[PDB]
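Chains as they are written, first to last, in the numbering used here: chain A, 1 to 344; chain B, 345 to 697. Data first, discussion second: the structure below is written as structure tokens.
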Ligand SMILES: Nc1ncnc2c1ncn2[C@@H]1O[C@H](COP(=O)(O)OP(=O)(O)OP(O)(O)=S)[C@@H](O)[C@H]1O
Ligand SMILES: Nc1ncnc2c1ncn2[C@@H]1O[C@H](COP(=O)(O)OP(=O)(O)OP(O)(O)=S)[C@@H](O)[C@H]1O
Ligand SMILES: [Mg+2]
Ligand SMILES: [Mg+2]
């Protein structure tokens, strides 16, 4: 019987920050459990479902939230690509593949599948760039969206085996969570509340808002902006809950190095201990690597590349070296000007 | 037999649907006629009674799908719901048009006789429409192809429904089902149809000095255009002329106004406000919505342009913080939400008892 606070604490153990989005997923999961426990509600009232939509830059942890949250979930869970889907009548993979994919973790059971949770990533890619029907029916941006319109609410869909039974499974009680890096969307929101004046004299010129981070603009996202981005109004309606993330800053990246349980620093420490050596990272060293990552715009994913190169030489001669007790990493080795300290 | 009269059946529909009078009467008349034709199965009189398919056109969140669900409850005949997007032209991986009848058989317990007198609802019918360049120099299977295959099925034909799908899989005598008495109701939100209607009813002019109409920006809303819908406009949208003909009666909805949203919040049997109240009751805390608060959410929902679905996001966002801390906090017996909480200027009010 987990509660919103309990779910929040468990999620914070793996991913830090993103408090705004953490409350959205925690409350949604708690509400889902209550509905599953009591469907009729003993009052003749049918409880609906509220789908979520995640809008954040790449490397912000959108997929990390679903993976970590999946462990706590006690119901079947699955992930989707959103890029391999195709409209009915075309090669590839129909949208129905999401439902059957969930059955993989539910031992192919309809009863348990109806109470599962489905998460789709990379939803931004499936969007009509032209914002209107093209000369030929799009099979990746518009075709997939139309099929998903009716698949997000009820619409009992067949489940092709793995021979033609096509067992029916209800999708009315299956919560749907969406998420994707809507590239360029930040500009759509800005243009809506950026300028509303003319050019020549006699115009109510308005001062442009000071430089605002991408996270601030996304915080003001509304369905109108999504429509102009290439999302049909029907699809937006299916996703009432809207949450946005914030780009990681210098302080956020430094925290991700130690605070997370599965942080890259902890993983490397255990790796060295496997062969019989201990590794430690100085506070200054962590700050240097974090700053370098943002300089190259590589993001959070780059933290693993910088550290790998810095310790590449040490790991080459680490197991071969004998009579070694500890390894010290400072700020002078991040830039490569000084060889990492080693004691015997 | 005690066949429900159109007025009685319409009253039940009002319980789950609000702000819809033209569509409720059309559906009530067609369903009532369906029962009458069932009694006269042998058509004692020389003249044989036919069927009149319906077509629903309206914006998103207008109650097109909700009407089919609520009506299916009263319909004693097997009722089925199908998606036009999944359907494709025959001979392809996508589901064929014959699958519609297959699903109906399951609802009737493999009873072919009962399948003859049935009602189907092809939701998202507007999806299968000729896109730009109606001629379609290329072969279209998920668009015009579906409409062509639906010409004989909607009008009525003997389709050899496969005997699989929950029954004996091996090859056997394919069941013969006649769709000459199945009332087909197509419903979908034809996006962009309003623009085509305006180009016809509303006269347009270019640039000039005399005999030119400026046509100021402030004109009739798109709702009025949808009301005066002509089959010619539908053909220009992408529907083949032979397809629109199968649907003689066409009922159009109207965009929900501010007053309509308020009624939908309480009057419906399963309303948005009542759903949240029950959710809070499970943990042991009551929920109440002030009259002024309902007005604020309704007004803010209209600007969303997402139909009735907008109310779901407005109430969820306002109560996002309430539900996140309510279970953790104890000694809570009720929550009061006023107008000052909808706009977010003041946090939700709570009383400890
Ligand atoms: N806030 C964060 N805290 C800790 N680690 C993070 C965070 N954000 C990203 N990471 C790390 O970055 C890795 C990849 O990030 P993702 O979860 O893929 O974010 P993403 O934006 O969803 O990527 P996509 O889906 O390809 S756009 C994760 O496995 C984490 O190790
Ligand atoms: N007339 C109405 N009365 C009460 N609730 C309504 C009404 N219209 C819409 N709703 C609400 O909106 C929800 C969605 O209804 P739908 O009919 O499925 O929307 P829709 O218009 O069918 O979407 P499209 O256009 O088919 S994609 C319902 O479950 C109700 O909660
Ligand atoms: Mg991802
Ligand atoms: Mg619908």
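Cβ atoms here follow ideal geometry from the backbone N, Cα and C, with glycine treated the same way.
For residue i, which beta-bridge partners are listed by DSSP?
i, result
"residue 693 (chain B)", "B:680"
"residue 439 (chain B)", "B:431"
"residue 167 (chain A)", "A:159"
"residue 79 (chain A)", "A:119"
"residue 449 (chain B)", "DSSP, once it has assigned bridges, lists no residue as partnering residue 449 (chain B)."
"residue 180 (chain A)", "A:55"
"residue 278 (chain A)", "A:326"
"residue 527 (chain B)", "B:463"
"residue 373 (chain B)", "Partner(s): none; residue 373 (chain B) has no beta bridge."
"residue 419 (chain A)", "Beyond the ends of chain A as shown, which are 1 and 344, falls residue 419 (chain A); an answer cannot be given."
Who are the near neighbours of residue i in its chain, counting only those whose CB is closer than 6 Å to its CB and skipping five residues on each side?
i, result
"residue 269 (chain A)", "279"
"residue 330 (chain A)", "282 and 285"
"residue 590 (chain B)", "397, 498 and 499"
"residue 695 (chain B)", "678"
"residue 59 (chain A)", "299, 300 and 301"
"residue 175 (chain A)", "32, 49 and 117"
"residue 494 (chain B)", "441"
"residue 584 (chain B)", "491"
Less than 8 Å separating the Cβ of residue i from some heavy atom of ligand 1?
i, result
"residue 385 (chain B)", "no"
"residue 57 (chain A)", "yes"
"residue 24 (chain A)", "no"
"residue 89 (chain A)", "no"
"residue 215 (chain A)", "no"
"residue 254 (chain A)", "no"
"residue 60 (chain A)", "yes"
Does at least one heavy atom of ligand 4 sit under 8 Å from the Cβ of residue i?
i, result
"residue 533 (chain B)", "yes"
"residue 150 (chain A)", "yes"
What does residue i touch in chain B if you count any residue whose Cβ is under 8 Å from its own?
i, result
"residue 110 (chain A)", "Per Cβ cutoff of 8 Å: no residues; residue 110 (chain A) is ~13 Å from chain B at best."
"residue 137 (chain A)", "475, 484, 486 and 487"
"residue 24 (chain A)", "664"
"residue 324 (chain A)", "Near residue 324 (chain A) there are no residues of chain B at all, since even the closest Cβ is about 49 Å away, more than 8 Å."
"residue 93 (chain A)", "What residue 93 (chain A) touches in chain B: nothing, since even the nearest Cβ is about 10 Å away."
Interface residues of chain A around residue i at Cβ under 7 Å?
i, result
"residue 408 (chain B)", "Within 7 Å Cβ-Cβ: nothing; residue 408 (chain B) doesn't reach chain A, min ~11 Å."
"residue 313 (chain B)", "There is no way to answer for residue 313 (chain B), as the model of chain B reaches only from 345 to 697."
"residue 462 (chain B)", "Residues of chain A passing the Cβ test: none, with the nearest at roughly 17 Å."
Got a sec? Which residues, its chain only, sit under 8 Å from residue i by beta carbon, not counting five neighbours each side?
i, result
"residue 350 (chain A)", "In the structure as shown, chain A begins at 1 and stops at 344. Residue 350 (chain A) is therefore absent and cannot be evaluated."
"residue 593 (chain B)", "370, 374, 396, 397, 398 and 399"
"residue 230 (chain A)", "127, 128, 129, 130, 131 and 141"
"residue 656 (chain B)", "616"
"residue 73 (chain A)", "29 and 117"
"residue 550 (chain B)", "556"
"residue 109 (chain A)", "103"
Give the interface partners of residue i over in chain A, defined as CB-CB distance under 8 Å, in chain order.
i, result
"residue 671 (chain B)", "3, 4, 5 and 30"
"residue 619 (chain B)", "45, 46, 47 and 48"
"residue 432 (chain B)", "88 and 89"
"residue 405 (chain B)", "237"
At a CB-CB cut-off below 9 Å, which residues of chain A make contact with residue i?
i, result
"residue 513 (chain B)", "163, 164 and 165"
Can you list, in chain order, the residues of its chain whose CB lies under 7 Å from that of residue i, leaving out five sequence neighbours each side?
i, result
"residue 228 (chain A)", "131 and 188"
"residue 306 (chain A)", "289, 292 and 293"
"residue 429 (chain B)", "468 and 471"
"residue 332 (chain A)", "338"
"residue 287 (chain A)", "254"
"residue 712 (chain B)", "Residue coverage of chain B in this structure runs from 345 to 697, which leaves residue 712 (chain B) outside it and unanswerable."
Starting from the beta carbon of residue i, find every residue of chain B whose beta carbon is closer than 9 Å, and list them in chain order.
i, result
"residue 50 (chain A)", "656, 657 and 660"
"residue 242 (chain A)", "657 and 661"
Sorry if obvious, but does the Cβ on residue i come closer than 8 Å to a heavy atom of ligand 2?
i, result
"residue 651 (chain B)", "yes"
"residue 657 (chain B)", "no"
"residue 21 (chain A)", "no"
"residue 360 (chain B)", "yes"
"residue 363 (chain B)", "yes"
"residue 612 (chain B)", "yes"
Which chain B residues are close to residue i, counting only those with a beta carbon under 7 Å from its beta carbon?
i, result
"residue 133 (chain A)", "475 and 476"
Is residue i a contact residue of ligand 5, with contact defined as CB to any heavy atom under 8 Å?
i, result
"residue 185 (chain A)", "Among the ligands modelled here, namely ligand 1, ligand 2, ligand 3 and ligand 4, ligand 5 does not occur."
Residues of chain E with CB under 7 Å from residue i, in chain order?
i, result
"residue 427 (chain B)", "Among the protein chains of the structure shown, namely A and B, there is no chain E."
Specify which residues have a beta carbon nearer than 7 Å to any heavy atom of ligand 3, listing them in chain order.
Close to ligand 3, as judged by a C-beta nearer than 7 Å to any of its heavy atoms, are the residues A:62, A:63, A:121 and A:122, in chain order.
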